[PDB]
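Asks: File name protein09.txt; file contents compact mmCIF, C-alpha atoms and all ligand atoms; full text below.
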```
# COMPACT_ATOMS: atom_id res chain seq x y z
CA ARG J 5 -44.72 152.69 -117.15
CA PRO J 6 -47.20 153.36 -119.97
CA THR J 7 -46.69 153.59 -123.72
CA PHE J 8 -46.15 156.81 -125.64
CA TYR J 9 -46.60 158.10 -129.19
CA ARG J 10 -45.02 160.76 -131.29
CA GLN J 11 -46.62 163.44 -133.48
CA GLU J 12 -45.42 166.87 -134.81
CA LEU J 13 -47.59 169.71 -133.57
CA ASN J 14 -46.59 172.57 -135.80
CA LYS J 15 -42.85 172.89 -135.39
CA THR J 16 -42.88 171.49 -131.83
CA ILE J 17 -43.00 167.70 -131.72
CA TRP J 18 -44.63 165.90 -128.74
CA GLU J 19 -44.28 162.43 -127.03
CA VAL J 20 -47.09 161.68 -124.60
CA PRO J 21 -48.69 158.66 -122.99
CA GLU J 22 -51.50 157.10 -125.12
CA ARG J 23 -53.76 157.91 -122.10
CA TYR J 24 -53.89 161.37 -123.74
CA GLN J 25 -55.48 161.38 -127.24
CA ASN J 26 -56.75 164.26 -129.40
CA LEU J 27 -54.05 166.85 -129.10
CA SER J 28 -55.09 170.14 -130.53
CA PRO J 29 -52.62 172.97 -129.94
CA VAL J 30 -54.10 175.96 -128.05
CA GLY J 31 -51.32 178.49 -128.56
CA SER J 32 -47.84 179.42 -127.53
CA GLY J 33 -45.44 181.37 -125.34
CA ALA J 34 -41.73 181.60 -124.44
CA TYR J 35 -41.75 179.10 -121.51
CA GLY J 36 -43.68 176.33 -123.22
CA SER J 37 -46.60 175.61 -125.43
CA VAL J 38 -49.95 173.85 -124.76
CA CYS J 39 -52.27 171.29 -126.34
CA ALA J 40 -55.86 170.80 -125.44
CA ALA J 41 -56.37 167.09 -125.03
CA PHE J 42 -58.72 164.36 -124.24
CA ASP J 43 -57.78 162.12 -121.31
CA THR J 44 -59.01 158.59 -121.87
CA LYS J 45 -58.64 157.75 -118.15
CA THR J 46 -61.10 160.27 -116.65
CA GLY J 47 -63.31 161.50 -119.50
CA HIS J 48 -62.26 165.10 -118.91
CA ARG J 49 -60.67 167.52 -121.30
CA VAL J 50 -57.19 168.45 -120.02
CA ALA J 51 -54.40 170.83 -120.86
CA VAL J 52 -50.87 169.61 -121.53
CA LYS J 53 -47.86 171.97 -121.47
CA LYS J 54 -44.43 170.95 -122.85
CA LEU J 55 -41.63 173.16 -121.48
CA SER J 56 -39.52 174.95 -124.09
CA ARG J 57 -35.98 174.49 -123.09
CA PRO J 58 -36.27 173.30 -119.55
CA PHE J 59 -32.62 172.51 -118.94
CA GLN J 60 -30.84 174.66 -121.55
CA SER J 61 -29.18 176.65 -118.73
CA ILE J 62 -29.00 177.12 -114.95
CA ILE J 63 -31.79 179.70 -114.99
CA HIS J 64 -34.09 177.59 -117.17
CA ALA J 65 -33.13 174.51 -115.10
CA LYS J 66 -33.89 176.28 -111.80
CA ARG J 67 -37.17 177.67 -113.22
CA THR J 68 -38.37 174.25 -114.37
CA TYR J 69 -37.76 172.97 -110.85
CA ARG J 70 -39.58 175.97 -109.30
CA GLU J 71 -42.59 175.48 -111.50
CA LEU J 72 -42.90 171.80 -110.79
CA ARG J 73 -42.35 172.17 -107.02
CA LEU J 74 -44.91 174.96 -107.09
CA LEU J 75 -47.42 172.82 -108.99
CA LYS J 76 -47.05 169.73 -106.85
CA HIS J 77 -47.76 171.85 -103.77
CA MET J 78 -51.04 173.55 -104.92
CA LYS J 79 -54.30 171.78 -104.00
CA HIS J 80 -57.14 174.27 -104.07
CA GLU J 81 -60.00 174.81 -106.40
CA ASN J 82 -59.15 178.36 -107.36
CA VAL J 83 -55.53 177.60 -108.20
CA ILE J 84 -54.51 175.50 -111.18
CA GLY J 85 -53.29 172.06 -110.13
CA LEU J 86 -51.22 169.13 -111.32
CA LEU J 87 -53.21 166.20 -112.76
CA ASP J 88 -50.02 164.64 -114.17
CA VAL J 89 -46.35 165.24 -114.93
CA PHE J 90 -44.43 163.02 -117.23
CA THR J 91 -41.32 162.72 -119.42
CA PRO J 92 -40.69 160.33 -122.35
CA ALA J 93 -37.28 159.37 -120.93
CA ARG J 94 -36.85 156.11 -119.07
CA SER J 95 -33.67 157.39 -117.34
CA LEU J 96 -32.15 160.55 -115.82
CA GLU J 97 -29.46 160.23 -118.53
CA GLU J 98 -31.92 160.68 -121.39
CA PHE J 99 -34.10 163.21 -119.42
CA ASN J 100 -34.61 166.43 -121.35
CA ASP J 101 -38.33 167.11 -121.77
CA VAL J 102 -41.05 167.84 -119.20
CA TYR J 103 -44.81 167.96 -119.62
CA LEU J 104 -47.43 169.09 -117.16
CA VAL J 105 -51.18 168.35 -117.24
CA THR J 106 -54.11 170.09 -115.54
CA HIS J 107 -57.88 170.45 -116.23
CA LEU J 108 -58.74 172.37 -119.36
CA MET J 109 -60.20 175.87 -118.78
CA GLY J 110 -62.16 177.54 -121.61
CA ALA J 111 -61.20 181.21 -121.42
CA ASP J 112 -59.08 183.84 -119.68
CA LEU J 113 -60.41 187.09 -118.19
CA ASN J 114 -58.62 189.29 -120.67
CA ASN J 115 -61.50 188.73 -123.19
CA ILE J 116 -64.26 190.63 -121.29
CA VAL J 117 -65.27 193.04 -124.10
CA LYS J 118 -68.70 191.48 -123.43
CA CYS J 119 -69.06 188.69 -120.83
CA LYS J 121 -68.25 194.50 -119.68
CA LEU J 122 -69.42 192.51 -116.59
CA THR J 123 -72.31 192.72 -114.21
CA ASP J 124 -71.90 193.15 -110.47
CA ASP J 125 -73.08 189.65 -109.66
CA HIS J 126 -70.30 188.44 -111.83
CA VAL J 127 -67.54 190.73 -110.58
CA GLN J 128 -68.35 189.51 -107.06
CA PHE J 129 -67.98 185.88 -107.84
CA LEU J 130 -64.79 186.31 -109.95
CA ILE J 131 -62.92 188.53 -107.49
CA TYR J 132 -64.18 186.38 -104.60
CA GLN J 133 -62.60 183.32 -106.09
CA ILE J 134 -59.32 185.18 -106.89
CA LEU J 135 -59.19 186.28 -103.29
CA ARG J 136 -59.91 182.76 -102.10
CA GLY J 137 -57.04 181.31 -104.15
CA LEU J 138 -54.80 184.22 -103.23
CA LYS J 139 -55.41 183.47 -99.53
CA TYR J 140 -54.26 179.95 -99.90
CA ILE J 141 -51.19 180.99 -101.93
CA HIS J 142 -50.23 183.75 -99.54
CA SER J 143 -50.68 181.38 -96.64
CA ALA J 144 -47.70 179.27 -97.74
CA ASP J 145 -45.59 182.43 -98.30
CA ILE J 146 -45.94 182.36 -102.03
CA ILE J 147 -46.40 185.52 -103.97
CA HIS J 148 -47.77 185.52 -107.47
CA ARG J 149 -46.08 188.80 -108.60
CA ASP J 150 -47.68 189.14 -112.01
CA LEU J 151 -51.43 188.75 -111.70
CA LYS J 152 -53.32 189.95 -114.75
CA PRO J 153 -56.52 189.08 -116.72
CA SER J 154 -54.70 186.56 -118.91
CA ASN J 155 -53.32 184.71 -115.83
CA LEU J 156 -56.87 184.03 -114.64
CA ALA J 157 -58.82 181.22 -116.29
CA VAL J 158 -62.58 180.67 -116.25
CA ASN J 159 -65.06 178.06 -117.32
CA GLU J 160 -68.50 178.90 -118.60
CA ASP J 161 -70.05 178.29 -115.21
CA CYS J 162 -67.61 181.03 -113.96
CA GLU J 163 -65.37 178.65 -111.99
CA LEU J 164 -62.06 180.45 -111.79
CA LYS J 165 -58.43 179.33 -111.47
CA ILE J 166 -55.23 181.24 -111.02
CA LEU J 167 -52.58 180.14 -113.47
CA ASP J 168 -48.95 180.20 -112.51
CA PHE J 169 -47.77 182.00 -109.48
CA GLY J 170 -44.31 181.43 -111.04
CA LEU J 171 -41.02 182.64 -112.63
CA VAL J 183 -47.52 196.67 -121.10
CA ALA J 184 -49.96 193.81 -120.47
CA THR J 185 -48.10 192.93 -117.23
CA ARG J 186 -47.28 196.65 -116.57
CA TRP J 187 -50.86 197.79 -116.10
CA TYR J 188 -51.55 195.66 -112.93
CA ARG J 189 -48.29 195.93 -111.13
CA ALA J 190 -48.08 197.44 -107.71
CA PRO J 191 -46.19 200.77 -107.96
CA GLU J 192 -43.64 199.49 -105.48
CA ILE J 193 -42.31 196.96 -108.06
CA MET J 194 -41.63 199.67 -110.66
CA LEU J 195 -39.66 202.10 -108.65
CA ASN J 196 -37.11 199.56 -107.40
CA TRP J 197 -37.58 197.73 -104.13
CA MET J 198 -36.56 194.10 -103.50
CA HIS J 199 -38.68 193.67 -100.31
CA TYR J 200 -42.31 193.88 -101.27
CA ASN J 201 -44.81 191.67 -99.50
CA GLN J 202 -47.80 189.60 -100.55
CA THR J 203 -50.03 192.71 -100.92
CA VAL J 204 -48.40 193.53 -104.25
CA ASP J 205 -50.99 190.97 -105.44
CA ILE J 206 -53.91 192.71 -103.79
CA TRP J 207 -53.03 195.79 -105.87
CA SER J 208 -53.31 193.78 -109.05
CA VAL J 209 -56.64 192.33 -107.90
CA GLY J 210 -57.88 195.88 -107.32
CA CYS J 211 -56.78 196.79 -110.84
CA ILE J 212 -58.52 193.70 -112.32
CA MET J 213 -61.66 194.39 -110.43
CA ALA J 214 -61.70 198.04 -111.65
CA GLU J 215 -61.56 196.82 -115.20
CA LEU J 216 -64.36 194.21 -115.01
CA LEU J 217 -66.71 196.72 -113.42
CA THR J 218 -65.85 199.46 -115.94
CA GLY J 219 -64.58 197.63 -119.08
CA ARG J 220 -61.25 199.63 -119.23
CA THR J 221 -57.79 199.42 -117.73
CA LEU J 222 -57.66 201.64 -114.70
CA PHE J 223 -54.00 202.42 -115.31
CA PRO J 224 -53.01 202.11 -119.03
CA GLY J 225 -49.49 203.56 -118.79
CA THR J 226 -46.85 203.66 -121.62
CA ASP J 227 -43.89 203.06 -119.37
CA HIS J 228 -42.76 202.88 -115.75
CA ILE J 229 -42.90 206.75 -115.50
CA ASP J 230 -46.33 207.19 -117.10
CA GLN J 231 -47.78 204.24 -115.23
CA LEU J 232 -46.68 205.89 -112.03
CA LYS J 233 -48.26 209.13 -113.07
CA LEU J 234 -51.52 207.41 -113.84
CA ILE J 235 -51.51 205.84 -110.41
CA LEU J 236 -50.76 208.93 -108.39
CA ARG J 237 -53.52 210.85 -110.14
CA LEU J 238 -55.99 208.46 -108.46
CA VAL J 239 -54.44 207.59 -105.10
CA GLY J 240 -52.41 210.73 -104.83
CA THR J 241 -48.79 211.46 -104.01
CA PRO J 242 -47.40 209.74 -100.95
CA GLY J 243 -47.61 211.70 -97.72
CA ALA J 244 -44.92 212.07 -95.07
CA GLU J 245 -46.04 208.66 -93.64
CA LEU J 246 -45.13 206.75 -96.77
CA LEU J 247 -42.11 208.94 -97.52
CA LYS J 248 -41.08 207.97 -94.04
CA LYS J 249 -40.79 204.31 -95.17
CA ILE J 250 -38.90 204.62 -98.54
CA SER J 251 -35.29 203.29 -98.06
CA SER J 252 -34.33 204.09 -101.68
CA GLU J 253 -32.94 207.60 -102.27
CA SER J 254 -33.65 207.96 -106.02
CA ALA J 255 -37.21 206.87 -105.40
CA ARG J 256 -37.53 209.64 -102.76
CA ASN J 257 -35.94 212.17 -105.06
CA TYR J 258 -38.27 211.33 -107.90
CA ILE J 259 -41.51 211.34 -105.90
CA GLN J 260 -40.85 214.51 -103.88
CA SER J 261 -39.89 216.35 -107.09
CA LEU J 262 -43.40 215.90 -108.51
CA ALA J 263 -46.25 218.33 -108.34
CA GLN J 264 -48.39 217.20 -105.31
CA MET J 265 -51.58 215.42 -106.41
CA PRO J 266 -54.70 214.89 -104.26
CA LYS J 267 -56.23 211.55 -103.27
CA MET J 268 -59.41 211.34 -105.34
CA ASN J 269 -62.89 210.28 -104.31
CA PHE J 270 -63.32 206.68 -105.50
CA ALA J 271 -67.13 206.98 -105.18
CA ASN J 272 -66.76 209.53 -108.05
CA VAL J 273 -64.23 207.61 -110.11
CA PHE J 274 -66.27 204.44 -110.13
CA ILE J 275 -69.51 206.26 -110.49
CA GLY J 276 -72.63 204.11 -110.33
CA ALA J 277 -70.76 201.03 -109.12
CA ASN J 278 -71.98 199.05 -106.16
CA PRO J 279 -70.71 201.36 -103.48
CA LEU J 280 -69.62 198.21 -101.61
CA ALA J 281 -67.21 197.41 -104.46
CA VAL J 282 -66.04 201.00 -104.25
CA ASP J 283 -65.07 200.68 -100.56
CA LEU J 284 -63.18 197.45 -101.22
CA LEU J 285 -61.33 199.09 -104.17
CA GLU J 286 -60.38 201.87 -101.80
CA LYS J 287 -58.88 199.36 -99.31
CA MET J 288 -57.02 197.59 -102.10
CA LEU J 289 -55.67 200.61 -104.03
CA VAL J 290 -53.69 202.03 -101.17
CA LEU J 291 -50.24 203.22 -102.08
CA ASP J 292 -48.79 202.08 -98.78
CA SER J 293 -48.38 198.32 -98.77
CA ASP J 294 -48.58 197.93 -94.99
CA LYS J 295 -52.12 199.31 -94.96
CA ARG J 296 -53.52 197.51 -98.02
CA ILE J 297 -56.14 194.94 -97.21
CA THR J 298 -55.06 191.29 -97.27
CA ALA J 299 -56.67 188.32 -99.05
CA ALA J 300 -58.20 186.91 -95.79
CA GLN J 301 -59.52 190.32 -94.72
CA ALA J 302 -60.76 191.00 -98.22
CA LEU J 303 -62.97 187.87 -98.28
CA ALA J 304 -64.76 189.00 -95.02
CA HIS J 305 -65.58 192.34 -96.64
CA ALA J 306 -69.36 193.01 -97.10
CA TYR J 307 -69.06 192.98 -100.94
CA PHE J 308 -68.79 189.14 -100.62
CA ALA J 309 -71.73 188.47 -98.21
CA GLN J 310 -73.27 186.01 -100.65
CA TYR J 311 -70.10 183.85 -101.13
CA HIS J 312 -68.12 184.20 -97.92
CA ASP J 313 -67.95 181.12 -95.73
CA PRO J 314 -64.94 180.82 -93.31
CA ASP J 315 -65.40 177.11 -92.95
CA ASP J 316 -64.25 176.78 -96.59
CA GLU J 317 -61.55 179.35 -97.36
CA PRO J 318 -58.56 177.12 -96.45
CA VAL J 319 -54.87 177.68 -96.06
CA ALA J 320 -52.10 175.54 -97.50
CA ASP J 321 -49.50 173.20 -96.00
CA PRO J 322 -46.02 174.55 -95.23
CA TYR J 323 -43.98 175.10 -98.43
CA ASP J 324 -40.26 175.02 -98.49
CA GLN J 325 -38.77 177.73 -100.72
CA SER J 326 -35.18 177.32 -99.35
CA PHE J 327 -34.11 175.96 -102.80
CA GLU J 328 -34.66 179.46 -104.03
CA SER J 329 -31.40 180.75 -102.35
CA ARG J 330 -29.34 177.90 -103.84
CA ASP J 331 -26.74 178.08 -106.64
CA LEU J 332 -26.45 174.77 -108.40
CA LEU J 333 -25.06 173.16 -111.49
CA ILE J 334 -27.43 172.68 -114.43
CA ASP J 335 -27.32 168.89 -113.85
CA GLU J 336 -28.12 169.24 -110.16
CA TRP J 337 -31.33 171.22 -110.81
CA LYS J 338 -32.06 168.65 -113.55
CA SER J 339 -31.71 165.65 -111.20
CA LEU J 340 -33.75 167.43 -108.56
CA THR J 341 -36.48 168.00 -111.16
CA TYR J 342 -36.37 164.31 -112.11
CA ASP J 343 -36.76 163.33 -108.46
CA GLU J 344 -39.86 165.50 -108.37
CA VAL J 345 -41.28 163.79 -111.49
CA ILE J 346 -40.47 160.26 -110.19
CA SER J 347 -42.14 160.91 -106.78
CA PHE J 348 -45.25 162.54 -108.23
CA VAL J 349 -48.35 161.21 -106.43
CA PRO J 350 -51.52 161.94 -108.46
CA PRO J 351 -54.89 162.97 -107.01
CA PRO J 352 -58.06 160.83 -106.79
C1 LIG V 1 -50.16 172.26 -114.84
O1 LIG V 1 -49.70 172.46 -116.18
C2 LIG V 1 -50.29 173.47 -116.89
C3 LIG V 1 -50.78 173.12 -118.14
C4 LIG V 1 -51.38 174.09 -118.92
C5 LIG V 1 -51.53 175.37 -118.41
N1 LIG V 1 -52.21 176.29 -119.21
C6 LIG V 1 -51.51 177.27 -119.76
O2 LIG V 1 -50.34 177.35 -119.44
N2 LIG V 1 -52.05 178.12 -120.61
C7 LIG V 1 -51.48 179.43 -120.88
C8 LIG V 1 -50.40 179.26 -121.92
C9 LIG V 1 -49.07 179.49 -121.59
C10 LIG V 1 -48.08 179.34 -122.55
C11 LIG V 1 -48.39 178.95 -123.84
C12 LIG V 1 -49.72 178.68 -124.16
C13 LIG V 1 -50.72 178.85 -123.21
CL1 LIG V 1 -52.42 178.51 -123.69
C14 LIG V 1 -53.61 176.12 -119.29
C15 LIG V 1 -54.22 175.31 -118.35
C16 LIG V 1 -55.59 175.14 -118.39
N3 LIG V 1 -56.30 175.78 -119.33
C17 LIG V 1 -55.72 176.59 -120.22
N4 LIG V 1 -56.54 177.23 -121.09
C18 LIG V 1 -55.97 178.09 -122.12
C19 LIG V 1 -56.70 177.80 -123.43
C20 LIG V 1 -56.04 179.56 -121.71
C21 LIG V 1 -55.35 179.89 -120.39
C22 LIG V 1 -55.47 180.45 -122.80
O3 LIG V 1 -57.40 179.91 -121.52
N5 LIG V 1 -54.38 176.75 -120.20
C23 LIG V 1 -51.07 175.74 -117.15
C24 LIG V 1 -50.44 174.76 -116.39
```
In structure tokens, write the structure found in this file.
Replies:
Amino acid sequence: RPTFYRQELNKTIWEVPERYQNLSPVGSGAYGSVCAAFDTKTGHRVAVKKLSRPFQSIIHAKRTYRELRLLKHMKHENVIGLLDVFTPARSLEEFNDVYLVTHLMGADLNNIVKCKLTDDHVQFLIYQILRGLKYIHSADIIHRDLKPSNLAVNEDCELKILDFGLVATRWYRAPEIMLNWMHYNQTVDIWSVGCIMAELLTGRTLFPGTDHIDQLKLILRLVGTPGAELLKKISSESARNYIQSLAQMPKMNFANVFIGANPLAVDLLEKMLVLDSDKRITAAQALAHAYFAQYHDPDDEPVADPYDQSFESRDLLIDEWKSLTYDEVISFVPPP
């Protein structure tokens, strides 16, 4: 065991190993907060996240466990990974705080007012999203909320997906999680990628809706109302009532919506922005598309080990999720 020290970082206090010096807080959120930090052991800047109230309840306790299990499993260069996880507590008894550490990234994509992006750049960014999405999808994990702010980049344009886990969110959401389903597949994420890609190429949100009705309207004005083939597949009755009650809208030409874009990007966008999930291009398919000629290499677009999500259907006591989380901390094996 190593030695720790205690400081107060602006309300939140923090106890970390002396391995990490130079804690400068980088911002905040409802699930934890982060310090930028210098890691004496490797030279690299790293990012440290203390969970808010990891075991305050059964839902917080189960979510802490999910995040940690999810982070221990991811080993891929386009997906954020676990350098370290630690708690101050020397026993399960005293165990109440969890911290996670990964490499520090310098910016998120949601800042692209200027560097709007060039085509070279769109290609490399989306390519790497698709690459990480392939790996994630391959172990049956779905992100569910991919958006500019969930995608981190360094200055060399190395990209990582942040957590596949748990109005900004609204704008990138597949229209099939909006009108209520509870079976939607991996391709919900390909929709978001399409939406992100639109925006980088254009500088504006393709679908800036004000609510789940308006968002839907924005969407159908581009892809059009569902036809009898997609109506065929809607189990939900209120969904079918709503959509059939709308003035029919035509499928637009994408070549004319994204006018002057690499027409190759346009074709991809067309295969990603399909209303019908079963027909939307996948991550693997999407990386073999001609837009990515320059970056595509099938000897280095790997899949992930089997990942066991059976915990997810489990209903446990707060202290059972807590002990399970502790086991995951205790058994953590770092990387080289
Ligand atoms: C494995 O454990 C980690 C450790 C930290 C992070 N992490 C992060 O959560 N940032 C988003 C965020 C969420 C809630 C409150 C504050 C912030 Cl900045 C990171 C990770 C790497 N780099 C950043 N950079 C920050 C400055 C960002 C995403 C805003 O560019 N954040 C991810 C997982």
Asks: Hey, which residues sit close to ligand LIG 1 (chain V)? Say within 10 Å, counting all atoms listed in the file, and write them as an MDAnalysis selection string.
Replies: chainID J and resid 29:40 49:56 71:72 74:76 84:89 103:115 153:159 165:168
Asks: Would you list the contacts of stretch 323-333 of chain J as number ranges by chain, taking every protein, DNA or RNA residue within 10 Å and counting all atoms listed in the file, but skipping same-chain residues closer than 5 positions in sequence?
Replies: J: 61-63, 65-67, 69-70, 73-74, 77-78, 141, 143-146, 338
Asks: Would you compute the distance between atom CA of residue J:46 and atom CA of residue J:321? Give it in Å to one decimal.
Replies: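 About the pair atom CA of residue J:46 and atom CA of residue J:321: they are 27.0 Å apart.
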Asks: Between atom CA of residue J:206 and atom CA of residue J:246, what distance in Å does the model show, to one decimal?
Replies: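 Those two atoms sit 18.0 Å apart.
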Asks: Measuring atom to atom with all atoms listed in the file, identify which of J:201, J:196, J:272, J:128 is nearest to residue J:302.
Replies: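 For residue J:302, the nearest of the candidates is J:128.
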Asks: Between atom CA of residue J:291 and atom CA of residue J:264, what is the spacing in Å?
Replies: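 Result for atom CA of residue J:264 versus atom CA of residue J:291: 14.5 Å, one decimal.
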Asks: Select, from J:80, J:94, J:351, J:101, the residue with the minimum atom-to-atom distance to residue J:16, counting all atoms listed in the file.
Replies: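 Closest residue, counting all atoms listed in the file: J:101.
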Asks: For a quick check of understanding, using only C-alpha atoms, which of J:198, J:184, J:130, J:262 has the smallest distance to residue J:160?
Replies: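 Closest to residue J:160, using only C-alpha atoms: J:130.
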Asks: Would you kindly identify which residues have an atom no farther than 12 Å from (-51.3, 196.1, -105.7), using all atoms listed in the file and the file's own coordinates, and write them out as a ChimeraX atom specification?
Replies: /J:147-152,186-194,200-213,223,235,239,285-299
Asks: Measuring between all atoms listed in the file, which one of J:259, J:123, J:26, J:313 shows the shortest distance to residue J:11?
Replies: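 That would be J:26, the residue with the smallest distance to residue J:11.
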Asks: Just want the 12 Å neighbourhood of residue J:269, counted on all atoms listed in the file, with same-chain residues fewer than 6 positions away dropped. Output as a ChimeraX atom specification.
Replies: /J:237-240,275,279,282-283,285-286
Asks: So which one's closest to residue J:92, J:7, J:68, J:28, J:278? Using all atoms listed in the file, please.
Replies: J:7
Asks: Have a look at J:17, J:234, J:319, J:164 and name the one nearest to residue J:83; count all atoms listed in the file.
Replies: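 The answer is J:164, which sits nearest to residue J:83.
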Asks: Using all atoms of stretch 147-162 of chain J listed in the file and a margin of 6 Å per side, can you give the axis-aligned box centre and edge lengths in Å to one decimal, as lines of an AutoDock Vina configuration file?
Replies:
```
center_x = -58.1
center_y = 184.0
center_z = -111.4
size_x = 36.0
size_y = 23.9
size_z = 26.9
```
